[PDB]
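For reference, the structure is listed below as structure tokens.
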Ligand SMILES: OC[C@@]1(O)OC[C@@H](O)[C@@H](O)[C@@H]1O
Ligand SMILES: OC[C@@]1(O)OC[C@@H](O)[C@@H](O)[C@@H]1O
Ligand SMILES: OC[C@@]1(O)OC[C@@H](O)[C@@H](O)[C@@H]1O
Ligand SMILES: OC[C@@]1(O)OC[C@@H](O)[C@@H](O)[C@@H]1O
Ligand SMILES: OC[C@@]1(O)OC[C@@H](O)[C@@H](O)[C@@H]1O
Ligand SMILES: OC[C@@]1(O)OC[C@@H](O)[C@@H](O)[C@@H]1O
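Protein chains in written order, with PDB author numbering: chain A, 2 to 89; chain A', 2 to 89; chain A'', 2 to 89. A prime marks a further copy of an entry chain.
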């Protein structure tokens, strides 16, 4: 089936749910006023996520896997880019 | 194999582990004095979870997926019910 | 594909990413100065993780599943050992 990963922050809260569906990962977002589709859209069959809130900044790391390749995607306030993570 | 998701809160801590096994999701709970089976029991092939502790209240969101359908289940102090989450 | 689980703590942050790949779970670690391979290496087809930071101590629980058997692995400052978790 589709596979999901979820994270949340604050007291509202903000929630992000990532779904790997048919080789594509998309993102659904809740910030207290309805669910909406987020900017994250990248290939993957499996997804995990962690996040940490520091001051006014949310930092999100999404680990997207296809086959034996895992790509880390980073949100640090200014869009998603690939991070330095490697599997070995 | 079976697939799990885990969350924890406080300093004891309380831990919740959700297992998707043969199309059913069940819940195991630790609050510092032994593991026990929790109230959550719903269909699903895949599970993720996030939680946030505010004051004296734990809020838990469990994302249960079967095929391409994901159902959000909500704990806000008074049993589990379906939440407003949709995949699109 | 390979399946991952991730957790993080503090403001650096420290990040741990567990990958179930071909029946084996390994661990990649970030503490602010490069990714490296951690001590955790145990069998499993699926992995989840949760952690909680108390004072100067990180506590990590990794749930490793093979077939219908899930083993909890515990980090409490002194290496990884099996925990009391059972699926029922
Ligand atoms: O629109 C909300 C948003 O900016 O929040 C932070 C990240 O989750 C982004 O992908 C997302 O688009
Ligand atoms: O700022 C991005 C970055 O340094 O954040 C910490 C880790 O997620 C790294 O892999 C990543 O490149
Ligand atoms: O009994 C403990 C319990 O109430 O804790 C909160 C939720 O995890 C419930 O499913 C669970 O039954
Ligand atoms: O109180 C329940 C609720 O509003 O909590 C926030 C989100 O999880 C929503 O999907 C959900 O319906
Ligand atoms: O070397 C860093 C380390 O000790 O951090 C705590 C755990 O993640 C361990 O598996 C890991 O080896
Ligand atoms: O100190 C280890 C332990 O007691 O921690 C809490 C739970 O993870 C238990 O299953 C585990 O045996």
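From the three backbone atoms N, C-alpha and C, an ideal C-beta is built for every residue, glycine too.
Of the candidates 13/A'', 11/A'' and 18/A'', 18/A'' places its Cα closest to the Cα of residue 62/A''. Inter-segment contact for the stretch 16-31 of chain A'' and the stretch 48-68 of chain A'' is present: three or more beta-carbon pairs are separated by less than 8 Å.
Residue 54/A is positioned such that its CB atom lies no closer than 8 Å to that of residue 84/A.
Excluding five sequence positions before and after residue 49/A, the CB atoms of its chain that fall closer than 6 Å to its own CB belong to 6 and 64, given in chain order. In the three-state scheme derived from DSSP, where H, G and I count as helix and E and B as strand, residue 3/A' is classed as coil. Going by DSSP, residue 22/A is part of the beta strand (DSSP E) stretching over 15-22. Excluding sequence positions up to five before and after residue 45/A, its CB lies within less than 8 Å of the CB of 21, 24, 25, 26, 65, 66, 67 and 72, all in the same chain and listed in chain order. Counting the other Cβ atoms within 10 Å of the Cβ of residue 40/A gives fewer than 16, which makes it exposed. Listed along the chain, the chain A' residues whose CB falls inside 7 Å of the CB of residue 22/A are 69. Closest in C-alpha terms to residue 70/A'', from the list 79/A'', 80/A'' and 87/A'', comes 87/A''.
Taking CB atoms only, residue 66/A' has no neighbour in chain A'' less than 8 Å away. By the criterion of a C-beta distance shorter than 6 Å, residue 78/A is surrounded in its chain by 58, once the five residues flanking it on both sides are discounted. Secondary structure remark: continuous beta strand (DSSP E) runs of at least 3 residues inside the stretch 7-75 of chain A', in chain order: 15-22, 25-31, 36-44, 47-55 and 58-67.
Taking each of 3/A, 15/A and 4/A in turn and checking the Cα distance to residue 52/A', the smallest one comes out for 15/A. One alpha carbon belongs to residue 3/A, the other to residue 47/A, and they sit about 9 Å apart. Within chain A, 53 and 60 have C-beta atoms less than 8 Å from the C-beta of residue 14/A'', given in sequence order. Burial state of residue 8/A' is buried, judged by a 10 Å Cβ sphere holding 16 or more other Cβ atoms. Straight-line spacing of the CA atoms in residue 89/A'' and residue 32/A' works out to 16 Å. Those residues having their beta-carbon less than 7 Å away from any non-hydrogen atom of ligand 2 are, in chain order, 62/A, 73/A, 75/A, 77/A, 84/A, 85/A, 86/A, 16/A'', 31/A'' and 36/A''. In terms of beta-carbon proximity, residue 27/A'' stays away from the interface with chain A', with every pair separated by 8 Å or more.
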